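Down below is the structure, laid out as structure tokens.
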2 protein chains.
Amino acid sequence: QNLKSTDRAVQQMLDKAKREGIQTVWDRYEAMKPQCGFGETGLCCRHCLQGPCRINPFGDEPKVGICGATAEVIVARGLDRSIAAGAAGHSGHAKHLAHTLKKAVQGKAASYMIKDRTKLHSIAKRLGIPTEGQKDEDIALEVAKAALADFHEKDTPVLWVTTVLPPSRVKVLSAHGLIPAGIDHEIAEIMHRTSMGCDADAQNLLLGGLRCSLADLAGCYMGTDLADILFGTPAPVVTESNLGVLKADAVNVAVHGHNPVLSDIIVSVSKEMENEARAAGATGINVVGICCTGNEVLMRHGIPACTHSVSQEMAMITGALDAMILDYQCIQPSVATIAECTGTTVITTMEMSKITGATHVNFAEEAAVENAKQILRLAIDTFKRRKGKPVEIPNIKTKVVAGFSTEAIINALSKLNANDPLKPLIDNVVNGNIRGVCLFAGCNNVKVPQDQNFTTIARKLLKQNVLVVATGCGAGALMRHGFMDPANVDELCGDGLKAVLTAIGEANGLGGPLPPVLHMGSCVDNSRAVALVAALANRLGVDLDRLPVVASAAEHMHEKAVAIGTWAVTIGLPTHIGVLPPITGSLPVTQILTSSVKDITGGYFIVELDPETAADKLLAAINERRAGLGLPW
Amino acid sequence: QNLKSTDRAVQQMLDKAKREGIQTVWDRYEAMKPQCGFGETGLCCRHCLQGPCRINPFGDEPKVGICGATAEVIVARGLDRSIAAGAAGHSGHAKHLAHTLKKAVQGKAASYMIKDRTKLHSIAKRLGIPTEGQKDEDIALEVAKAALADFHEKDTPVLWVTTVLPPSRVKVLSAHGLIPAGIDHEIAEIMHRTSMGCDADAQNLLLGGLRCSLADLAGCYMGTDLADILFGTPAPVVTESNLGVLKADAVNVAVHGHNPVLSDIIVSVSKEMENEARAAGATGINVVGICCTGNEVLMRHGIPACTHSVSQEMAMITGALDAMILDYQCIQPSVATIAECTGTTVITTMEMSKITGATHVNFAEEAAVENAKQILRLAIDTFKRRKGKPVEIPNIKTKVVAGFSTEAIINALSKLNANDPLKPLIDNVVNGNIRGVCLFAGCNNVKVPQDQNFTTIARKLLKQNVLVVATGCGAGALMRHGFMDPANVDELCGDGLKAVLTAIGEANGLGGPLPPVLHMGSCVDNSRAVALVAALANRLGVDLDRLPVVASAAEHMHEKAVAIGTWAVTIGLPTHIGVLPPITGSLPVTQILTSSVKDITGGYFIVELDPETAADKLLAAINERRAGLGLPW
Ligand code: SF4
Ligand code: SF4
Ligand code: FES
Ligand code: FES
């Protein structure tokens, strides 16, 4: 089972699923082999009903699509649609939060409110919305209206791009025509330009893709901004992760998906219903997190993380998961089928994300508390049904220190330098105590033994004094393997990095260091890493493509992650990807994405499937940046 | 060559291409065989990097996608993305026209103007925009702003749906939650809901698809509305079609693509440059049309149609095509490669639609006349280069009477009944002289011998007194085979239909009948057929799903055509499709689309690859409607 996952709790549940005959994502992967090589290489097109068209990577016919689409056109068009689909997910998330904020401050959903007034005001100032002599409710109404206006063409470009990146970066992007005009506008233009008989130039296609990836960045940043206003900016918290956070004697309720608009309500309502759960025979309601909704409530509330991504079915296999509350994105639909064997009540809540065989509860922000009670009562019924069953919860968990929003990181640094909080970090970059910064982002992928790339690359970077931050299921992988426990700083971190984590931690009263890896939140919270890197760029007076900062989507799967990797490249970062996207069928497209895009944005993709080699390549990229700043390395 | 195309001029050029070694769309199709069955059946998914996933239609594993996506989920998700991509094309077209109208009435593009003031005012009244005591330029500014507002969420739903369909139809759709909230909003929501780990219920997925198809209908209707304002509502015109409209001794310039914003300028500027062309040794500039841009200028100006769709390369093979002026959609990118052998200058003009190896001319509405002159001068240079070459223009063409906008049809009918123009048509439906109405729409497809389905079905319907209207390449197919020549009414039409076409034609002073088939314009002008059918519904006081009206996308290929067929079903029409979309891999999805959608919208797909059988099925559908109205059949 260790070829399937490096997580020992997941291995234990894979053994249980096997002897009980429950098919898993790994079984379904095995049943798919060998996978189609045309699709793997990107040389397949189904964009019209003359298709499907394919192109042999090498040899004889077919060499070209029926309409004349070349290999480079077909590869670029498919990649562009992946970017647009990812942008559509992150921006649908953000749009939903914008409507929730609008409802809240218009008196239509009393369960929701302005919880972070400081964040609201700083966002308004960044957008140029006036605060002086304005009610908060009117400032917030203005912010929500500005968020919704960024989805369509207007007199300004997308402000959640142009106001969040350094001005020099905005100028470089504008010179290449890469600034998005509207989030949904760009998504639609990609789908238009990639349809049959439209754009057929690989460079032109990919430039459109870079612009659409910035529409995705805008959605990520909008989502983080609005969620912080509504639910609070994260601050450092201590919790636990992995399957051992389930409790056989409680009602175990997983919040799963990405948008925390209801799951944040579940967290607060679940506390209210403790006595109702105790009457059922439970100690209470044990809310646990899966995937990014789990990351959201871990970040703000210290809700323990149960599992992530590829291993999500395993939480059900314990037999102790009484409910799984779903919104959308990265939910394996298999969970609706597995629930028939495990007893779990799977509940969908979003109109546009239903799963056949799961129970649907129409959630409305206007009725959020009532909805949460109905949902939790289904969970309590399920707990009662399994009175007197044995469960197998692996006795495996890690300690997780998290909550490192960019505001929290700046506050932590401010204890070393009150009026110049970024300077102690730059100081230690300059003197070599911090070699650089690497963001781990993205998913797990059944093709990669779970967490193997994240942990293997992270161990090598930390030994070389790289400051490592993480989001999404990259944060999930690192947290489940102890990388967010400060007790492991001695084992994991080089001396220079240990010195810095220790100095910051001790100045924040901890008597101990910051954790080896800083958890900066969910997938949309990749925008937080942008905010930190942009602040560093502005303080140093250079663009992002001169900073010793890299990203690694070490095990990515989702179209969302393809979008994130593309905007990481677009804003100027060397961006490692540890699974092949469908690009190997076109050498010209691969060369643009790995080499010549350097001349446009300064970032570039680093394709490397071997994690040890990837770490060497990421260090090389960091050190080349150091050399370009005239620093030793 | 008759297995490839039923058009004799195309056959002649296929022989020329063969002996000169020029590869055609039919050659590239042959080189694709056998095509992938997973893609043909819809049982393939590449929506994440754990893919590609496939499902065996029958037999053993794989039976399910790696994430657990079932066959019905995978089929529905792929179909939904096809609909969204089509909506993105039609609405990008309409958006471009909305910005052009806005520029024109704000003094920024003097080449453009309000040419149809009556249409502008009637649109404003339909939208509830006040006209009394308003300048035209302000009414138009308001109309363009309303058009742009329909692309995003606002206080109203998409008005180019709710104000163009009968109120009873809007109520039925609203009850099922099918009214679009914003055009690009729906496109993005489809791409979100279909991404990995999101919507996984086939019925839910397809309901989203129906709503997105209405976003496409809105784009079509907006495009027709704005083009009529800017360039004039079509009225009956006489011209010619097929390759013989090229002239060896003129500068032959093809306008090709869909959006006529520049091609309408080409038409007027080309006249201005006659003397400049004569100095080159040409008789003048011979502008000809390909695909829907060709249909636009045929409809408004009587520009002869050269060819359509699948056979577009053949116009180049003549050796006489001096320039091909492209905007976007349905342009085979092969044309850029063929031009190296045929001498044609291929010119792209739209930023998001470039083709490698073609010359690009940045077109701006602000500089449209200057751009047109640069483009036509490249064409005149090309004509000079082929002085003293032999060309092979097939001496084959048909007479085409066209220009049947809905306003023109109502005006023609008004000569029989001034205050009640629709009543003479309904009268003849009731008494059986007109059995019903069939709209032919959509593309040609290399899988179907060119025009064979359109002509075979049309001949049978016309003999059975069906009133036949056509758009796009369905109009192209019928016009190239003589179906728009009134001289063929005796041969083609049943006695009842002949009587009606004759009575209308004679009352409009013609001394002869209307043509056997009424050409209602381009693909977006399918909205004109909706306007006519909606007017008939309102005059009869019934919904569209009670009218004896059907549609046939007899040879369709483009994602745009999939969207059109889906909204034809959604507004209540029996809708024949003559090529299989990728749905046969899911019986539940096929049953929804061919049977149970009747219970939601009253329309339904009729899948029939055999054209003789399709005509029998379309007649059966028409006659069932007649019976439901208590009419003889
Ligand atoms: S768009 Fe071109 S390459 Fe794609 S399926 Fe259609 S004919 Fe084939
Ligand atoms: S979304 Fe599911 S079915 Fe599609 S490629 Fe990914 S794992 Fe396979
Ligand atoms: S041929 Fe397998 S992905 Fe299309
Ligand atoms: S397996 Fe051929 S279309 Fe994917």
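All values below were derived from every heavy atom in this structure, side-chain atoms included, with hydrogens, water molecules and symmetry-related copies excluded. Each chain gets a letter, A, B and so on, in the order its sequence line appears, and its residues count up from 1.
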> Quick check: does any side chain N or O of A:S311 sit under 3.5 Å from a backbone N or O of A:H308, one acting as donor and the other as acceptor?
Replying inline: yes
> Does A:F231 have A:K115 sitting over its ring (NZ/CZ under 6.0 Å from centre, angle to axis within 45°)?
Replying inline: no
> Would A:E555 and A:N445 count as having a side-chain donor-acceptor pair, cut-off 3.5 Å?
Replying inline: no
> Would you find a donor on one side and an acceptor on the other, under 3.5 Å apart, between the side chain of A:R300 and the backbone of A:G232?
Replying inline: yes
> Which atoms form the tightest heavy-atom contact between A:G289 and A:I303, and what is the distance?
Replying inline: N-CG2, 4.0 Å
Quick one: side chains of residues 484-497 of chain A, donor-acceptor pairs under 3.5 Å with protein atoms, not counting sequence neighbours, listed by atom name and distance.
unit_1 : atom_1 : unit_2 : atom_2 : d
A:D485 : OD1    : A:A487 : N      : 3.0
A:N488 : ND2    : A:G482 : O      : 2.8

> In Å and rounded to the nearest 0.5 Å, what is the CG to CD1 distance from A:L518 to A:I504?
Replying inline: 8.0 Å
> How far apart are the C-alpha atoms of A:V287 and A:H301, what are their side-chain angles, what is the distance that settles it, and do they pass the side chain to side chain contact (heavy atoms under 4.5 Å, CB included) test?
Replying inline: CA-CA 11 Å; A:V287 173; A:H301 308 303; over 6 Å; no
> Is a side-chain N or O of A:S309 found less than 3.5 angstrom from the main chain of A:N444, in a donor-acceptor match?
Replying inline: yes
>> Tell me the closest heavy-atom pair linking A:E608 and A:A614, and the distance in Å.
In response: CG-N, 3.3 Å
>> Whether A:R528 and A:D525 form a salt bridge (side-chain N of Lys/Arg under 4.0 Å from carboxylate O of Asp/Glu) is what I want to check.
In response: yes
>> Would you say that A:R625 contacts A:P574 through its side chain, given a criterion of any heavy-atom pair below 4.5 Å between the two side chains?
In response: yes
>> If I compare all heavy atoms of A:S5 with all of A:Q450, which pair ends up nearest, and what's the gap?
In response: OG-OE1, 2.7 Å
> Side chains of A:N433 and A:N465: closer than 4.5 Å at any heavy-atom pair?
Replying inline: no
>> Can a donor-acceptor pair be found, under 3.5 Å and without considering hydrogens, that links the side chain of A:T293 to the backbone of A:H258?
In response: yes
> So, does A:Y112 use its side chain to make a donor-acceptor pair with the main chain of A:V261 at under 3.5 Å?
Replying inline: yes
> Does the A:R626 side chain pair with the main chain of A:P632, one donor and one acceptor, at a distance under 3.5 Å?
Replying inline: yes
>> Between A:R126 and A:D225, does any NZ, NE, NH1 or NH2 come within less than 4.0 Å of an OD or OE carboxylate oxygen?
In response: yes
> Should A:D216 and A:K560 count as an ion pair when the cut-off is N to O under 4.0 Å?
Replying inline: no
> Can any side-chain N or O of A:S122 pair as donor or acceptor with the backbone N or O of A:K119 at less than 3.5 Å?
Replying inline: yes
>> Minimum heavy-atom separation for A:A94 and A:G223, please, with both atom names.
In response: CB-N, 3.6 Å
>> So, taking the atom named OG1 in A:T471 and the one named NE2 in A:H519, what distance separates them when rounded to the nearest 0.5 Å?
In response: 8.0 Å
>> Please determine whether side chain to side chain contact (heavy atoms under 4.5 Å, CB included) holds for the pair A:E137 and A:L141, giving the CA-CA distance in whole Å, both sets of side-chain angles, and the decisive distance to 0.1 Å.
In response: CA-CA 6 Å; A:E137 286 76 23; A:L141 183 62; over 6 Å; no
>> Quick check: do A:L425 and A:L467 have side-chain heavy atoms less than 4.5 Å from each other?
In response: yes
>> If only side-chain N and O atoms count, and only distance matters, is there a donor-acceptor pair under 3.5 Å linking A:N242 with A:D7?
In response: yes
>> Checking side-chain polar atoms at under 3.5 Å, does A:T398 have a donor or acceptor matched by the opposite partner on A:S241?
In response: yes
> Ignoring hydrogens and geometry, is there a side-chain-to-backbone donor-acceptor pair from A:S414 to A:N417 under 3.5 Å?
Replying inline: no
> When you check the side-chain N and O atoms of A:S522 and A:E296, is any donor under 3.5 Å from an acceptor?
Replying inline: yes
> From A:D264 CG over to A:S268 OG, what is the distance, rounded to the nearest 0.5 angstrom?
Replying inline: 6.0 Å
> Got a donor-acceptor contact below 3.5 angstrom from the A:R435 side chain to the A:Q464 backbone?
Replying inline: yes
> Is any side-chain heavy atom of A:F483 less than 4.5 Å from a side-chain heavy atom of A:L462?
Replying inline: yes
> How many angstroms lie between NE2 in A:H93 and CG in A:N259, if you round to the nearest 0.5 Å?
Replying inline: 4.5 Å
>> Please report the interatomic distance CG(A:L618) to CG(A:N623), rounded to the nearest 0.5 Å.
In response: 11.0 Å
> Tell me, do A:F404 and A:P236 make a side-chain contact under 4.5 Å, heavy atoms counted?
Replying inline: yes
> Less than 4.0 Å between a side-chain N and a carboxylate O, is that true for A:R117 and A:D136?
Replying inline: yes
> Can you tell me how far SG of A:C291 sits from CG of A:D327, rounded to the nearest 0.5 angstrom?
Replying inline: 10.0 Å
> Between A:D545 and A:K598, does at least one N-O distance fall below 4.0 Å, as a salt bridge requires?
Replying inline: no
> What pair of heavy atoms forms the shortest contact from A:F454 to A:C443, and how long is it?
Replying inline: CE1-O, 3.4 Å
>> To check you understand the geometry: which heavy-atom pair defines the closest contact between A:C523 and A:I564, and what is its length?
In response: O-CD1, 4.2 Å
> With a 4.5 Å limit on heavy-atom distance, are the side chains of A:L178 and A:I600 in contact?
Replying inline: yes
> Does a side-chain heavy-atom distance below 4.5 Å link A:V517 with A:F440?
Replying inline: no
> Can you check whether A:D451 reaches A:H481 side chain to side chain, under 4.5 Å on heavy atoms?
Replying inline: yes
> Would you say the side-chain atoms of A:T224 and A:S527 include a donor-acceptor pair closer than 3.5 Å?
Replying inline: yes
> Checking A:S213 side chain against A:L210 main chain: does a donor-acceptor pair fall under 3.5 Å?
Replying inline: yes
